[PDB]
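A lone chain, given as structure tokens: the form deposited in one PDB entry.
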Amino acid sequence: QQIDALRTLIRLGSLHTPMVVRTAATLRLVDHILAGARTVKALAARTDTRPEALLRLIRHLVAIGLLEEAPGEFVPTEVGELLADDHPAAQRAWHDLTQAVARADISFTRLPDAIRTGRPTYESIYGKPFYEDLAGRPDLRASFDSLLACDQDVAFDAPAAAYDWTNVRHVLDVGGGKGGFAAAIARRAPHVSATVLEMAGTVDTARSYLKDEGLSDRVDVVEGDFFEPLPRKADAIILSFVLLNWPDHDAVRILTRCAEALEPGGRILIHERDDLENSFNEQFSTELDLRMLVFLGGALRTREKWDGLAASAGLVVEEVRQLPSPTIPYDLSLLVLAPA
């Protein structure tokens, strides 16, 4: 039993395996193989790497079962195929060290400082805090928006169906990304108009995305800062995966700006985790919660915490709806908040 406990511990503690996975995604190793380069010299050329070092990386990729080896010819496994760039779960991009998230994940190398201080480590590594770093790096800004929106044609169908749009005229989507939630509601409730509030760079991609859905006459995009007064009032105000980016004091500020922008009868809709789930759900949550810590100083929140957050902003949680996810099996929640 000790040999077994020992193998398990060494596996769990190993840094080399996820960096090998991320290296392979970054070099688009699987895409090139699927595009014919099954040999070492050809793969090394396409990835622009040394053939002997590439071979040493490939060896571990075989050991963990992402690839398998005719002699000197390698093919992806079923698991390996998920690193193809056109796979629906987009795992290649999520593991790509040149794109925003896997890049930010380096913050985990300073996890002890984060546990010691409760403060994010991203800045100590990259020179500026997360959104400020992206603000100065249009490549990262763009890749971040594409990752979060990787699923946007379907990801917002369930939450949009979980709210009654009958007496809503206007929706404001605060930090709404490329506008996917706004678009989903528009398709569902054609009498509804919307505004998306977003940061520089992102607003241009939102405008394009919405124009390409044919929604340009129904959803506006405004460039702004949701710590400042909101650009207009609305019957529903949406915060989809925004509040987990912020520590309690900032999250209360954001909620306060939303409450002040609400029309009479209006509601604020928080789309996130109502944090609790099973053994596979639990590791998504622990990973996302710790990401928020090291990237941003944010956190996932239980219902008891939402209740306190709501009250501090003069709000109350009116109801909570649990929602299935379509591309990755994870349970999400829509919280509906009303003035207290």
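Residue numbers here begin at 1 and follow the sequence given. Take the two forms, find the largest set of C-alpha atoms that superpose within 1.5 Å, and that set is the rigid core.
What comes next is about the form deposited in another entry, which is not displayed.
Enquirer: Superposing on the rigid core, is the CA of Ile328 displaced by 2 Å or more between the shown form and the other one?
Expert: It does, since the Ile328 C-alpha is displaced 2 Å or more between the shown form and the other one after the core fit.
Enquirer: When you overlay the rigid core, is the Cα of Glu287 off by 2 Å or more between the shown form and the other one?
Expert: After core superposition, the displacement of the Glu287 C-alpha between the shown form and the other one stays below 2 Å, so no.
Enquirer: Since the CA distance of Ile58 and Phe284 differs by 3 Å or more in the other form, is it closer or farther than in the form displayed?
Expert: Compared with the shown chain, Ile58-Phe284 is farther in the other form.
Enquirer: Mind checking the CA-CA distance of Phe284 and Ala84 in the other form? It differs by 3 Å or more from this form, so is it closer or farther?
Expert: Farther apart, which means the C-alphas of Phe284 and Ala84 are at least 3 Å more distant in the other form.
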